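In case you want the letters, here they are:
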Amino acid sequence: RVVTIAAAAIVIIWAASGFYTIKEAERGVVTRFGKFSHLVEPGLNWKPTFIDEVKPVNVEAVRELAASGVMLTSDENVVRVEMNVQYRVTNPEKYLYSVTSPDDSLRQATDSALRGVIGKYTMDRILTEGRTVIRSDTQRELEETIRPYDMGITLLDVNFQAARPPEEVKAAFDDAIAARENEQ
Amino acid sequence: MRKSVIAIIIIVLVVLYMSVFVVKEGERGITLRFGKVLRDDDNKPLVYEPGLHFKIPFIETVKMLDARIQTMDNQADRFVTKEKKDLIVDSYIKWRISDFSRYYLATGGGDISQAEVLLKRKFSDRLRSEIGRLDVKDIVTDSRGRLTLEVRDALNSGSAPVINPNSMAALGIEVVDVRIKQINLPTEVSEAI
């Protein structure tokens, strides 16, 4: 009779701990010992304890990514540009086992993409007129840069944020204007 | 039969008081579990209205997210223009929590500060683009909030049912209005005019 009591005690803990629910913004990833098993959807599910483990991946929460730097224009001029890239994730089978640090990897892609686009246009254009084309070009290039990687992050839109000139020229590079004022 | 009866009576009364929890008028509570949350109504997180509810004591935990319209003010900051005429702009934003469940997760810990921080970076950055294409006269004379309204449209609805992640709708936020307190020309710029 003592053996029966021991079996009951271990089985109750197995079922209790086994039950687990995943929040709405997260997507559990059930995985066999070596192999991945299946993606569980929200609600109350059961997983054999000590056999499989779940990894919650935030599929709804937005992830901010600020990309900035002192890029070089095409006329040997300097422009202080800062960018923010809001993106989301997809099925964790790609996001988790395709490339290391996908969130950080996107930041590196953003720098290369942002640098390339700004490099083609001039400082004056990028400040007022280029604002629209820079946003379009930077969005298209960034997507192409992470296509070979196969990561499960999907870019929906990349909205260029600011291209303010360096503080040194913010109140300079206006001698033509100062000459006009002196002329007037 | 007195100690057993009196013992059960006293514990039951305290248990009921702990289980009952009310939701204030300007607040909404989302009951949670140890490390999970309760899911009802066909796999849809449930938010509580301002009424009475019962939660198993010590098993369920409640997080109170305010539903009143929040006011976020931005301090004075310079916004360069098309003619390099920096414009010190003071502005405030009004927003309401739309998706209490999503907002709690993204802005982990249901703190107004984190949402305001995200909004500050987004709004400030968004505002720069509009002012960049406008001239100082159209920015100090603007009385119909064209640039402020456009920023709201972009923040509320981005570009490309799908909810763009760069829109405030992807999060549990809805910017009901955006206004600028003072557009007063700084002294540096005014000197030349």
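Residues numbered from 1 in each chain as written, not as in the entry; some residues may be left out. Chains lettered and ligands numbered in written order. Part of a larger assembly, values for the part shown. Heavy atoms only, no water.

Its PDB record attributes the structure to cryo-EM, giving the resolution as 4.4 Å.

Chain B carries the name Modulator of FtsH protease HflC in the PDB entry, which gives Escherichia coli BL21 as its organism. Looking at the PDB record, one finds the entry titled "Cryo-EM structure of a nautilus-like HflK/C assembly in complex with FtsH AAA protease". Taken verbatim from the UniProt record of chain B, the Subcellular location (unreviewed entry) comment is "Membrane". We quote the UniProt Function (unreviewed entry) comment for chain B here in full: "HflC and HflK help govern the stability of phage lambda cII protein, and thereby control the lysogenization frequency of phage lambda. HflKC inhibits the SecY-degrading activity of FtsH, possibly helping quality control of integral membrane proteins." (UniProt positions renumbered as here; feature names shortened; annotations may be inferred.)

Per the PDB entry, chain A carries the name Modulator of FtsH protease HflK and comes from Escherichia coli BL21.

A. Quick look at the interface of chain B and chain A. Each partner contributes to the interface: chain B provides 33 residues, whereas chain A provides 39 residues. Interface area for chain B against chain A, summed over the two sides, is near 3100 Å², with a carbon-plus-sulfur share of 53%. Considering only the surface of chain B that becomes buried against chain A, B:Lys84, B:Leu105 and B:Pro165 emerge as the three largest contributors, covering 22% of it. Where chain B meets chain A, there are 4 salt bridges. Taking the shortest distance from any N to any O, the salt bridge between A:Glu24 and B:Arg39 comes out at 2.6 Å. Elements with a minimum of two residues in the side of chain B that touches chain A: α2 (100-106) and α3 (112-133) of chain B. For the side of chain B that touches chain A, the element with the highest residue contribution is α3(B), accounting for 9 residues. Broken down by class, the residue content of the side of chain B that touches chain A amounts to 14 nonpolar, 6 polar and 13 charged. (Contact = heavy atoms within 4.5 Å. Buried area = accessible area lost by both parts, 1.4 Å probe. Salt bridge = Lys/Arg side-chain N within 4 Å of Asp/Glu carboxyl O. Helix = DSSP H or I, 4+ residues; strand = E, 2+ residues; numbered from the N terminus. Nonpolar A, V, L, I, M, F, W, Y, C, P; charged D, E, K, R; others polar.)

B. Main features of the UniProt feature "transmembrane region" (unreviewed entry) in chain A. Following the UniProt record, the feature "transmembrane region" (unreviewed entry) maps to residues 2-22 of chain A here. Taken as a whole, residues 2-22 of chain A contains 81% helix and 19% strand, while its terminal C-alpha atoms sit 37 Å from one another.

C. Quick peek at the sheet that holds strand β8 (residues 87-96) of chain B. Residues and elements named next belong to chain B. Pairing is antiparallel across the open sheet formed by 3 strands, whose spatial order is β7-β8-β9. The two strands at the open ends of the sheet, each matched to only one other strand, are β7 (70-79) and β9 (174-182). Strand-to-strand, the axes of this sheet are offset by a mean angle of 20°, without reference to chain direction. Strand direction decides the pairing type here: β7 and β8, joined by 8 bridges, are antiparallel. Pairing of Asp73 across the sheet is with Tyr92, part of β8. Packing against the sheet, α3 makes contact with β7, β8 and β9, and its axis sits at approximately 40° to β7. (Pairing = 2+ DSSP bridges. Axes fitted to C-alpha atoms, helices over the stretch in contact; angles between N-to-C directions.)

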